[PDB]
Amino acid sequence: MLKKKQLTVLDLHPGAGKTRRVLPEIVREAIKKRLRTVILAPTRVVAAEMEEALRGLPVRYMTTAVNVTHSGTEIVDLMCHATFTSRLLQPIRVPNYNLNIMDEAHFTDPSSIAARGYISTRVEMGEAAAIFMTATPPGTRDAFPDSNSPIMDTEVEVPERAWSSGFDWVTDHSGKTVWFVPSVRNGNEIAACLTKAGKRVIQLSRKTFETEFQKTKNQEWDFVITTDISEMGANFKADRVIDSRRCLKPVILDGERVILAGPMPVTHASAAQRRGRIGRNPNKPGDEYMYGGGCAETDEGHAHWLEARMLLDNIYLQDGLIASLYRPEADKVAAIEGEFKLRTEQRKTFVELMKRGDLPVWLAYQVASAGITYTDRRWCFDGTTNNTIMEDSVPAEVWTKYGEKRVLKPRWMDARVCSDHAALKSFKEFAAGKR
């Protein structure tokens, strides 16, 4: 596995022991062979769980999510997928790792796709080895893989709105359920309906994951309502998954705006990972998976793969060469390699808009490529009337850094900046010059 020029896909079924059993064995062998190694965790929560499996091994944890005193002699580093891509983009030295291990390698956020593209290109060049750990590699067509214990799979109509009757099976259950919804707003409505019915509900999404996931351990709960982020190594002690089988798809229209299309069907990989939350305990057969739609290849034309090309075009590899996407997911976007390569100063603005600005990659690219500097927010107010952002069904308004009240009407509209209350609040602060 560890020889140069090799990329191995470790595709043992969900719960088979890739993280807690196989990963320490790989790490021990890597250290014996003096291979400078990186381990990439999808989230801070998985990074903390990996420290538990790797305890006693010399690993440098490049995150505040792990409280350990390092020795300074570690040749194995562990960091998040997004941290890896971020450090590659910045004028910071990233070692040319001999062995690159990515856990939960199916993650489809732009920084994870870009990390796979960079790593697989270094392997193709003959410079490095890599191991991608996931039960569901790109292009998998099996939504029902093996499990540690038998699962009861049932196709059933799943509510996507509050209900008063006709879904008694949802609330008659006396165990713990993990319910995958397509968006934070949709989960808020289902959670309120379950709370009104006397259930204890925890809600998880990308921005709240670290804080709220700890509630699954510290308090008794009946339901967890989560977006797709829980497909990335989130472990629950549950006996049922309810799966809408739906997700939102960011889509770039006419190369000039991004909408959140759908809800539409999930891919087979996502459905398998959502089901994969249960059936993990061989002593508890009969966990239930209730699913409310079919699968489709909704990653084709999805904006994350175009955004991954924007990130890769701006990462140095060798002279003017540019890393390609990982071959099995490269047809998901139609893009010219190098078309998003920016000059030094525009690249710095692009990076800062993503890192400090917290803007989506596509939107950060429009601003930086227009020659606008990080702190110049005039573009948040000079778009067309059709770009007016709404708050409570009237135009949203902010006080600019000049002290003037203005309607929020960005030059480029990306639906992700106002898809829920928290996102709109963050974008209003950005438009006002507050970060």
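So that there is no doubt, residue numbering starts at 1 and follows the sequence shown.
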Between 260-268 and 70-78, the record assigns the higher mean Cα B factor to 70-78
Which has higher Cα B-factors on average according to the PDB entry: 415-423 or 15-23? 15-23
Top residue by Cα temperature factor, when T43, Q366, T37, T400 are compared in the entry: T43
Using the temperature factors in the entry, find which of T85, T140, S120, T227 has the highest value at its Cα atom. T140
Lowest, middle or highest third: where is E307 by Cα B-factor in its chain? lowest
Which third of the chain holds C380 when residues are ordered by C-alpha B factor: lowest, middle or highest? lowest
Taking only the Cα B-factors deposited for this chain, tell me whether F167 sits in the lowest, middle or highest third. middle
So, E160's CA B-factor, relative to its chain, sits in which third? The middle
If you rank every modelled residue in this chain by C-alpha B factor, which third holds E104: lowest, middle or highest? middle
